[PDB]
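*Asks:* File upload39.csv below, CSV, C-alpha atoms:
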```csv
chain,number,residue,atom,x,y,z
U,1,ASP,CA,-66.6,145.3,43.1
U,2,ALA,CA,-67.3,141.7,44.0
U,3,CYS,CA,-65.3,139.2,42.0
U,4,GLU,CA,-62.6,138.8,44.6
U,5,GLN,CA,-65.3,139.3,47.3
U,6,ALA,CA,-66.9,136.1,45.9
U,7,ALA,CA,-63.8,134.1,46.7
U,8,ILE,CA,-63.7,135.6,50.1
U,9,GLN,CA,-67.1,133.9,50.6
U,10,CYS,CA,-65.4,130.5,49.9
U,11,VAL,CA,-67.9,129.5,47.1
U,12,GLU,CA,-66.7,128.3,43.7
U,13,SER,CA,-70.1,129.3,42.3
U,14,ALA,CA,-69.7,132.8,43.7
U,15,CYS,CA,-66.7,133.5,41.5
U,16,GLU,CA,-68.6,131.7,38.7
U,17,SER,CA,-71.7,134.0,39.0
U,18,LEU,CA,-69.7,137.1,39.7
U,19,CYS,CA,-66.5,137.1,37.7
U,20,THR,CA,-66.8,136.9,33.9
U,21,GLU,CA,-64.3,134.2,32.8
U,22,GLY,CA,-60.7,133.8,31.5
U,23,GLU,CA,-58.7,135.8,34.2
U,24,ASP,CA,-61.5,137.5,36.3
U,25,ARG,CA,-62.7,134.1,37.4
U,26,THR,CA,-59.2,132.6,37.4
U,27,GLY,CA,-57.8,134.9,40.1
U,28,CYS,CA,-60.9,134.5,42.3
U,29,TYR,CA,-61.5,130.8,41.6
U,30,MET,CA,-57.8,129.9,42.1
U,31,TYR,CA,-58.0,131.5,45.6
U,32,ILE,CA,-61.0,129.3,46.7
U,33,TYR,CA,-59.4,126.4,44.8
U,34,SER,CA,-56.3,126.7,47.1
U,35,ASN,CA,-57.9,128.1,50.3
U,36,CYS,CA,-61.4,126.6,50.7
U,37,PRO,CA,-62.0,122.9,51.4
U,38,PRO,CA,-62.1,120.4,49.9
U,39,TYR,CA,-59.0,121.9,48.2
U,40,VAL,CA,-57.0,124.1,50.6
```
The structure in this file should be written as structure tokens.
*Replies:*
Amino acid sequence: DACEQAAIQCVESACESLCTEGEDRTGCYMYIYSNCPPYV
């Protein structure tokens, strides 16, 4: 497992490469998108 782990790394592209799309990405990407700069 890695999708969520991608978001841990604070890289939008990590979720993109890892997580498929249309939920898998969303959960991951939403984290970064509300945790990582330049979003937070």
*Asks:* If you measure from CA of residue 1 (chain U) to CA of residue 20 (chain U), what distance in Å do you get, rounded to one decimal?
*Replies:*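 Straight-line distance from CA of residue 1 (chain U) to CA of residue 20 (chain U) works out to 12.5 Å.
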*Asks:* What's the 12 Å shell around residue 2 (chain U), counting only C-alpha atoms, without same-chain residues fewer than 2 positions away, as a list in words?
*Replies:*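 Neighbouring residues, sequence-local ones excluded: residues 4, 5, 6, 7, 8, 9, 14, 15, 16, 17, 18, 19, 20, 24, 25 and 28 of chain U.
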*Asks:* How would the residues just chosen look if you wrote them out with C-alpha atoms as a compact mmCIF listing (two decimals), in the coordinates of the input?
*Replies:*
```txt
# COMPACT_ATOMS: atom_id res chain seq x y z
CA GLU U 4 -62.60 138.80 44.60
CA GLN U 5 -65.30 139.30 47.30
CA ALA U 6 -66.90 136.10 45.90
CA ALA U 7 -63.80 134.10 46.70
CA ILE U 8 -63.70 135.60 50.10
CA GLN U 9 -67.10 133.90 50.60
CA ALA U 14 -69.70 132.80 43.70
CA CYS U 15 -66.70 133.50 41.50
CA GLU U 16 -68.60 131.70 38.70
CA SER U 17 -71.70 134.00 39.00
CA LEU U 18 -69.70 137.10 39.70
CA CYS U 19 -66.50 137.10 37.70
CA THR U 20 -66.80 136.90 33.90
CA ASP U 24 -61.50 137.50 36.30
CA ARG U 25 -62.70 134.10 37.40
CA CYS U 28 -60.90 134.50 42.30
```
*Asks:* Could you tell me how far CA of residue 38 (chain U) sits from CA of residue 22 (chain U), in Å to one decimal place?
*Replies:*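 Computed distance, CA of residue 22 (chain U) to CA of residue 38 (chain U), equals 22.8 Å.
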*Asks:* Figure out the distance between CA of residue 36 (chain U) and CA of residue 12 (chain U), please, to one decimal in Å.
*Replies:*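 So the answer is 8.9 Å.
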*Asks:* Please write a file for region 11-40 of chain U, taken from the block I just shared, that holds N, CA, C and O atoms and is laid out as a PDB file, in the first residue's frame.
*Replies:*
```
ATOM      1  N   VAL U  11       3.128  15.517  -1.853  1.00  0.00           N
ATOM      2  CA  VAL U  11       3.401  15.632  -3.286  1.00  0.00           C
ATOM      3  C   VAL U  11       2.113  15.301  -4.044  1.00  0.00           C
ATOM      4  O   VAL U  11       1.705  14.137  -4.057  1.00  0.00           O
ATOM      5  N   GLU U  12       1.470  16.273  -4.681  1.00  0.00           N
ATOM      6  CA  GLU U  12       0.253  16.030  -5.456  1.00  0.00           C
ATOM      7  C   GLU U  12       0.499  14.927  -6.479  1.00  0.00           C
ATOM      8  O   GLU U  12      -0.268  13.972  -6.613  1.00  0.00           O
ATOM      9  N   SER U  13       1.631  15.038  -7.160  1.00  0.00           N
ATOM     10  CA  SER U  13       2.017  14.072  -8.167  1.00  0.00           C
ATOM     11  C   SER U  13       2.195  12.672  -7.594  1.00  0.00           C
ATOM     12  O   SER U  13       2.039  11.690  -8.316  1.00  0.00           O
ATOM     13  N   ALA U  14       2.544  12.557  -6.315  1.00  0.00           N
ATOM     14  CA  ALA U  14       2.706  11.245  -5.729  1.00  0.00           C
ATOM     15  C   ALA U  14       1.345  10.554  -5.723  1.00  0.00           C
ATOM     16  O   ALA U  14       1.236   9.429  -6.199  1.00  0.00           O
ATOM     17  N   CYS U  15       0.288  11.215  -5.232  1.00  0.00           N
ATOM     18  CA  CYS U  15      -1.035  10.602  -5.269  1.00  0.00           C
ATOM     19  C   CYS U  15      -1.388  10.317  -6.719  1.00  0.00           C
ATOM     20  O   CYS U  15      -1.951   9.270  -7.013  1.00  0.00           O
ATOM     21  N   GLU U  16      -1.088  11.249  -7.624  1.00  0.00           N
ATOM     22  CA  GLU U  16      -1.429  11.080  -9.023  1.00  0.00           C
ATOM     23  C   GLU U  16      -0.818   9.792  -9.589  1.00  0.00           C
ATOM     24  O   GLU U  16      -1.518   8.980 -10.188  1.00  0.00           O
ATOM     25  N   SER U  17       0.484   9.591  -9.406  1.00  0.00           N
ATOM     26  CA  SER U  17       1.182   8.414  -9.904  1.00  0.00           C
ATOM     27  C   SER U  17       0.680   7.147  -9.211  1.00  0.00           C
ATOM     28  O   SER U  17       0.466   6.114  -9.852  1.00  0.00           O
ATOM     29  N   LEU U  18       0.496   7.218  -7.897  1.00  0.00           N
ATOM     30  CA  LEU U  18       0.138   6.059  -7.106  1.00  0.00           C
ATOM     31  C   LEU U  18      -1.313   5.688  -7.357  1.00  0.00           C
ATOM     32  O   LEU U  18      -1.629   4.626  -7.894  1.00  0.00           O
ATOM     33  N   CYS U  19      -2.201   6.559  -6.914  1.00  0.00           N
ATOM     34  CA  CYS U  19      -3.576   6.216  -6.656  1.00  0.00           C
ATOM     35  C   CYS U  19      -4.255   6.298  -8.005  1.00  0.00           C
ATOM     36  O   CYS U  19      -3.902   7.157  -8.819  1.00  0.00           O
ATOM     37  N   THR U  20      -5.196   5.412  -8.282  1.00  0.00           N
ATOM     38  CA  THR U  20      -5.760   5.309  -9.616  1.00  0.00           C
ATOM     39  C   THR U  20      -6.443   6.611 -10.027  1.00  0.00           C
ATOM     40  O   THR U  20      -5.788   7.374 -10.733  1.00  0.00           O
ATOM     41  N   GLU U  21      -7.685   6.874  -9.597  1.00  0.00           N
ATOM     42  CA  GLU U  21      -8.447   8.110  -9.797  1.00  0.00           C
ATOM     43  C   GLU U  21      -9.903   7.857  -9.399  1.00  0.00           C
ATOM     44  O   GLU U  21     -10.377   6.725  -9.499  1.00  0.00           O
ATOM     45  N   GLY U  22     -10.609   8.898  -8.956  1.00  0.00           N
ATOM     46  CA  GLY U  22     -12.041   8.851  -8.720  1.00  0.00           C
ATOM     47  C   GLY U  22     -12.373   8.117  -7.429  1.00  0.00           C
ATOM     48  O   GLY U  22     -13.224   7.235  -7.443  1.00  0.00           O
ATOM     49  N   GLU U  23     -11.705   8.515  -6.341  1.00  0.00           N
ATOM     50  CA  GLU U  23     -11.816   8.099  -4.943  1.00  0.00           C
ATOM     51  C   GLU U  23     -10.402   7.887  -4.409  1.00  0.00           C
ATOM     52  O   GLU U  23      -9.998   8.558  -3.461  1.00  0.00           O
ATOM     53  N   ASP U  24      -9.657   6.956  -5.019  1.00  0.00           N
ATOM     54  CA  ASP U  24      -8.334   6.555  -4.540  1.00  0.00           C
ATOM     55  C   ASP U  24      -7.464   7.792  -4.455  1.00  0.00           C
ATOM     56  O   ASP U  24      -6.929   8.135  -3.405  1.00  0.00           O
ATOM     57  N   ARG U  25      -7.363   8.479  -5.597  1.00  0.00           N
ATOM     58  CA  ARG U  25      -6.707   9.763  -5.627  1.00  0.00           C
ATOM     59  C   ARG U  25      -7.405  10.657  -4.624  1.00  0.00           C
ATOM     60  O   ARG U  25      -6.751  11.111  -3.704  1.00  0.00           O
ATOM     61  N   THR U  26      -8.707  10.893  -4.769  1.00  0.00           N
ATOM     62  CA  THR U  26      -9.404  11.906  -4.011  1.00  0.00           C
ATOM     63  C   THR U  26      -9.006  11.920  -2.532  1.00  0.00           C
ATOM     64  O   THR U  26      -8.610  12.962  -2.024  1.00  0.00           O
ATOM     65  N   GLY U  27      -9.084  10.791  -1.827  1.00  0.00           N
ATOM     66  CA  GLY U  27      -8.757  10.780  -0.407  1.00  0.00           C
ATOM     67  C   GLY U  27      -7.330  11.254  -0.134  1.00  0.00           C
ATOM     68  O   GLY U  27      -7.081  12.040   0.787  1.00  0.00           O
ATOM     69  N   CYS U  28      -6.395  10.758  -0.935  1.00  0.00           N
ATOM     70  CA  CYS U  28      -4.978  11.079  -0.872  1.00  0.00           C
ATOM     71  C   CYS U  28      -4.767  12.557  -1.180  1.00  0.00           C
ATOM     72  O   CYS U  28      -4.173  13.313  -0.420  1.00  0.00           O
ATOM     73  N   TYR U  29      -5.286  12.980  -2.318  1.00  0.00           N
ATOM     74  CA  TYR U  29      -4.998  14.245  -2.952  1.00  0.00           C
ATOM     75  C   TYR U  29      -5.606  15.318  -2.046  1.00  0.00           C
ATOM     76  O   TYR U  29      -4.922  16.266  -1.684  1.00  0.00           O
ATOM     77  N   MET U  30      -6.856  15.129  -1.601  1.00  0.00           N
ATOM     78  CA  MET U  30      -7.528  16.006  -0.649  1.00  0.00           C
ATOM     79  C   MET U  30      -6.675  16.257   0.595  1.00  0.00           C
ATOM     80  O   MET U  30      -6.675  17.370   1.115  1.00  0.00           O
ATOM     81  N   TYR U  31      -5.952  15.247   1.090  1.00  0.00           N
ATOM     82  CA  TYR U  31      -5.073  15.472   2.226  1.00  0.00           C
ATOM     83  C   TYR U  31      -4.050  16.543   1.869  1.00  0.00           C
ATOM     84  O   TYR U  31      -4.024  17.600   2.490  1.00  0.00           O
ATOM     85  N   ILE U  32      -3.207  16.278   0.874  1.00  0.00           N
ATOM     86  CA  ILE U  32      -2.155  17.200   0.451  1.00  0.00           C
ATOM     87  C   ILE U  32      -2.768  18.582   0.241  1.00  0.00           C
ATOM     88  O   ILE U  32      -2.292  19.591   0.744  1.00  0.00           O
ATOM     89  N   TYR U  33      -3.870  18.586  -0.483  1.00  0.00           N
ATOM     90  CA  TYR U  33      -4.606  19.743  -0.934  1.00  0.00           C
ATOM     91  C   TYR U  33      -5.175  20.555   0.233  1.00  0.00           C
ATOM     92  O   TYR U  33      -5.617  21.678   0.024  1.00  0.00           O
ATOM     93  N   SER U  34      -5.179  20.004   1.448  1.00  0.00           N
ATOM     94  CA  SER U  34      -5.540  20.738   2.646  1.00  0.00           C
ATOM     95  C   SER U  34      -4.470  20.683   3.739  1.00  0.00           C
ATOM     96  O   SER U  34      -4.694  21.193   4.833  1.00  0.00           O
ATOM     97  N   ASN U  35      -3.326  20.053   3.482  1.00  0.00           N
ATOM     98  CA  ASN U  35      -2.247  19.904   4.459  1.00  0.00           C
ATOM     99  C   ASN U  35      -0.966  20.558   3.961  1.00  0.00           C
ATOM    100  O   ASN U  35      -0.306  21.293   4.690  1.00  0.00           O
ATOM    101  N   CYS U  36      -0.557  20.227   2.745  1.00  0.00           N
ATOM    102  CA  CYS U  36       0.683  20.701   2.151  1.00  0.00           C
ATOM    103  C   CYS U  36       0.515  22.159   1.730  1.00  0.00           C
ATOM    104  O   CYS U  36      -0.568  22.547   1.281  1.00  0.00           O
ATOM    105  N   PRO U  37       1.563  22.986   1.803  1.00  0.00           N
ATOM    106  CA  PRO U  37       1.575  24.230   1.071  1.00  0.00           C
ATOM    107  C   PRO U  37       1.575  23.889  -0.428  1.00  0.00           C
ATOM    108  O   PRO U  37       1.938  22.774  -0.808  1.00  0.00           O
ATOM    109  N   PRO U  38       1.160  24.811  -1.301  1.00  0.00           N
ATOM    110  CA  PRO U  38       0.660  26.133  -0.974  1.00  0.00           C
ATOM    111  C   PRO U  38      -0.843  26.116  -0.650  1.00  0.00           C
ATOM    112  O   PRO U  38      -1.515  27.102  -0.932  1.00  0.00           O
ATOM    113  N   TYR U  39      -1.402  25.032  -0.098  1.00  0.00           N
ATOM    114  CA  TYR U  39      -2.826  24.945   0.206  1.00  0.00           C
ATOM    115  C   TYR U  39      -3.043  25.085   1.712  1.00  0.00           C
ATOM    116  O   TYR U  39      -3.473  26.144   2.171  1.00  0.00           O
ATOM    117  N   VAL U  40      -2.664  24.053   2.468  1.00  0.00           N
ATOM    118  CA  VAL U  40      -2.814  23.968   3.913  1.00  0.00           C
ATOM    119  C   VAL U  40      -4.277  24.179   4.338  1.00  0.00           C
ATOM    120  O   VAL U  40      -5.170  24.242   3.498  1.00  0.00           O
TER     121      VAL U  40
END
```
